[PDB]
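Chemist: One structure, as structure tokens, below. Some questions next.
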Amino acid sequence: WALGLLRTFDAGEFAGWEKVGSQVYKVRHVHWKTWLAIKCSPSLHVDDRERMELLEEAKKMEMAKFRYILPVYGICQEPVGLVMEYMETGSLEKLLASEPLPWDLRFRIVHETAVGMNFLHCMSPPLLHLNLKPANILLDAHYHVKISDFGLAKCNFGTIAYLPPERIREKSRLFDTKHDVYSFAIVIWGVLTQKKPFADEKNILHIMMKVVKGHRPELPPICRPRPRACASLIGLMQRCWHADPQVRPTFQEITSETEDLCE
Ligand SMILES: Nc1ncnc2c1ncn2[C@@H]1O[C@H](COP(=O)(O)OP(=O)(O)OP(=O)(O)O)[C@@H](O)[C@H]1O
Ligand SMILES: [Cl-]
Ligand SMILES: [Mg+2]
């Protein structure tokens, strides 16, 4: 059902190719008189593993069409690329590095992210994102969230930070919803601090092992402008990164809590 509504694009349809990635381009679609985004494959050869995986990525984005999930329009062949809605503000990662953000916006970003993740986990069967980090949380012109980057999702280096400890303890464990919950904990931490996690520490491997034994990013202090809400968010964050997956809350329980923070 997913591959049906998608379109094949041709590069002549696009103009004004302008790098936004980190490769991703903002392109004008001339006939539609609107801008779109296209994520082009890095590889030198137009490989058949990729062309099917980019389709998978697109197909999974269409299955989770929702307010807080990036819309997807289809595929380009001429350059192999995934075609999708353009988000004017860009990534959360970029926003956290740009300037201090008002607290009420921080709580809204967190909530909206939680709402979208809840939507994925409520599908039948659940859809695990497995790559939730600020670089894949996109923000529209009005700073509303749309989750993106479904390359690793399953219907069954920055990344070590977002990796759950059970994924380091066990070779080849079954992916579950509790993976996404841990990663979300590390997303909250970044929103609280506006820092990248472990950006100080040099021995990546040493930190890995410490994490297996319950070590996490340093807790931020309670902020002056919204100390009640901030304390509540820090507390939620901590339950979300618990070492035991089964103790971590569900996104159903999380969204209930983050909604109260937005008042
Ligand atoms: N729709 C979009 N609108 C605007 N900027 C985008 C969009 N999609 C991605 N970007 C930007 O480009 C970056 C590329 O991220 P994206 O996850 O899409 O590609 P990727 O990480 O290379 O993918 P993959 O994991 O499949 O190799 C984002 O972090 C963001 O800064
Ligand atoms: Cl408060
Ligand atoms: Mg990405």
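Going through the structure tokens in order, the chains are called A, B, and so on, while each chain numbers its residues from 1 and the ligands are numbered from 1 in the order shown.
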Within 10 Å of residue 230 in chain A, counting only C-alpha atoms, which residues show up once you throw out same-chain ones fewer than 4 positions away? Write them as JSON, numbers by chain, please.

Modeler: {"A": [103, 106, 107, 192, 220, 221, 222, 223, 224, 225, 226, 234, 235, 236, 261]}

Chemist: Save the residues we just selected, N, CA and C atoms, as a short mmCIF file (atom, residue, chain, number, x, y, z; two decimals), in the first residue's frame?

Modeler:
```
data_model
loop_
_atom_site.label_atom_id
_atom_site.label_comp_id
_atom_site.auth_asym_id
_atom_site.auth_seq_id
_atom_site.Cartn_x
_atom_site.Cartn_y
_atom_site.Cartn_z
N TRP A 103 12.52 28.32 27.78
CA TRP A 103 12.01 27.09 28.43
C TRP A 103 10.66 26.54 27.93
N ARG A 106 11.33 24.70 24.81
CA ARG A 106 12.00 23.44 25.15
C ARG A 106 11.01 22.36 25.56
N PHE A 107 10.07 22.72 26.44
CA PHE A 107 9.09 21.74 26.89
C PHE A 107 8.20 21.32 25.72
N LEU A 192 17.74 20.06 27.75
CA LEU A 192 17.96 20.70 29.06
C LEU A 192 19.23 21.54 29.13
N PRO A 220 21.83 18.23 34.83
CA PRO A 220 21.89 19.69 34.90
C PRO A 220 21.36 20.22 36.21
N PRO A 221 21.73 21.45 36.55
CA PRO A 221 21.10 22.08 37.71
C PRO A 221 19.65 22.49 37.41
N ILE A 222 18.92 22.81 38.45
CA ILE A 222 17.54 23.26 38.28
C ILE A 222 17.64 24.69 37.79
N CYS A 223 16.93 25.00 36.71
CA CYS A 223 16.97 26.32 36.09
C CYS A 223 16.11 27.32 36.87
N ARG A 224 16.45 28.61 36.76
CA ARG A 224 15.75 29.68 37.49
C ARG A 224 14.35 30.00 36.95
N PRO A 225 14.19 30.06 35.62
CA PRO A 225 12.87 30.47 35.07
C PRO A 225 11.70 29.50 35.27
N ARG A 226 11.96 28.19 35.18
CA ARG A 226 10.91 27.17 35.32
C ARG A 226 11.40 26.00 36.18
N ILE A 234 13.82 16.53 34.44
CA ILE A 234 15.03 15.81 34.84
C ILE A 234 14.71 14.43 35.44
N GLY A 235 13.76 14.40 36.37
CA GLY A 235 13.22 13.17 36.92
C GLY A 235 12.71 12.19 35.89
N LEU A 236 11.88 12.66 34.95
CA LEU A 236 11.41 11.81 33.83
C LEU A 236 12.56 11.25 32.99
N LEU A 261 3.84 19.49 31.49
CA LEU A 261 4.94 20.47 31.44
C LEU A 261 4.67 21.67 30.55
#
```

Chemist: Out of range 181-245 of chain A, which residues get helix (DSSP H, G or I) from DSSP, as a ChimeraX atom specification?

Modeler: /A:181-193,204-212,227-240,245

Chemist: Produce as a list in words the set of residues near ligand 2, where near means within 6 Å with only C-alpha atoms and all ligand atoms considered.

Modeler: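 Within the 6 Å cut-off, the matching residues are residues 226, 227, 228 and 229 of chain A.
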
Chemist: Grab the residues selected above and save them as a compact mmCIF listing (two decimals), in the first residue's frame with N, CA and C atoms.

Modeler:
```txt
# COMPACT_ATOMS: atom_id res chain seq x y z
N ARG A 226 11.96 28.19 35.18
CA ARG A 226 10.91 27.17 35.32
C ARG A 226 11.40 26.00 36.18
N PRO A 227 11.70 26.26 37.46
CA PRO A 227 12.32 25.24 38.31
C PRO A 227 11.43 24.03 38.60
N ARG A 228 10.11 24.20 38.69
CA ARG A 228 9.20 23.06 38.95
C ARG A 228 9.18 22.13 37.74
N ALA A 229 8.94 22.71 36.57
CA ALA A 229 8.86 21.94 35.33
C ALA A 229 10.19 21.26 35.01
```

Chemist: Counting only C-alpha atoms and all ligand atoms, which of A:84, A:101, A:122, A:254 gets nearest to ligand 1?

Modeler: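 Comparing A:84, A:101, A:122, A:254 against ligand 1, the winner is A:84.
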
Chemist: Distance limit 10 Å, reference ligand 1, atoms considered: only C-alpha atoms and all ligand atoms. Which residues make the cut? Give them as an MDAnalysis selection string.

Modeler: chainID A and resid 19:26 35:42 50 53:54 57 70:72 82:95 131:140 146:153

Chemist: Could you give me, as a list in words, the residues within 12 Å of residue 205 in chain A, counting only C-alpha atoms and dropping anything in the same chain fewer than 3 positions from it?

Modeler: residues 157, 160, 161, 168, 198, 201, 202, 208, 209, 210, 211 and 212 of chain A

Chemist: Output C-alpha atoms for every residue in that selection, as a compact mmCIF listing (two decimals), in the first residue's frame.

Modeler:
```
# COMPACT_ATOMS: atom_id res chain seq x y z
CA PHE A 157 30.54 9.02 16.12
CA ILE A 160 27.12 5.69 21.01
CA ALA A 161 25.45 8.33 23.26
CA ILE A 168 26.38 -2.95 24.68
CA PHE A 198 29.93 13.18 26.13
CA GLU A 201 35.09 12.92 27.44
CA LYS A 202 37.85 11.51 25.13
CA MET A 208 30.62 2.83 27.09
CA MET A 209 31.63 0.37 29.87
CA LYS A 210 30.78 2.87 32.62
CA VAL A 211 27.30 3.26 30.96
CA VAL A 212 26.80 -0.55 31.09
```

Chemist: What's around residue 200 in chain A at 12 Å? Count only C-alpha atoms, leave out sequence neighbours fewer than 6 positions away in its own chain, and write the answer as a PyMOL selection string.

Modeler: chain A and resi 207+217-218

Chemist: If you measure from CA of residue 203 in chain A to CA of residue 175 in chain A, what distance in Å do you get, rounded to one decimal?

Modeler: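 Separation of CA of residue 203 in chain A and CA of residue 175 in chain A: 26.5 Å.
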
Chemist: Can you list, as an NGL selection string, every protein, DNA or RNA residue that comes within 8 Å of residue 30 in chain A when you count only C-alpha atoms, leaving out same-chain residues fewer than 3 positions away?

Modeler: :A and (13-15 or 33-34)

Chemist: Please identify all polymer residues within 10 Å of residue 108 in chain A, counting only C-alpha atoms, omitting same-chain residues fewer than 2 positions from it, and present them as a count of residues only.

Modeler: 17
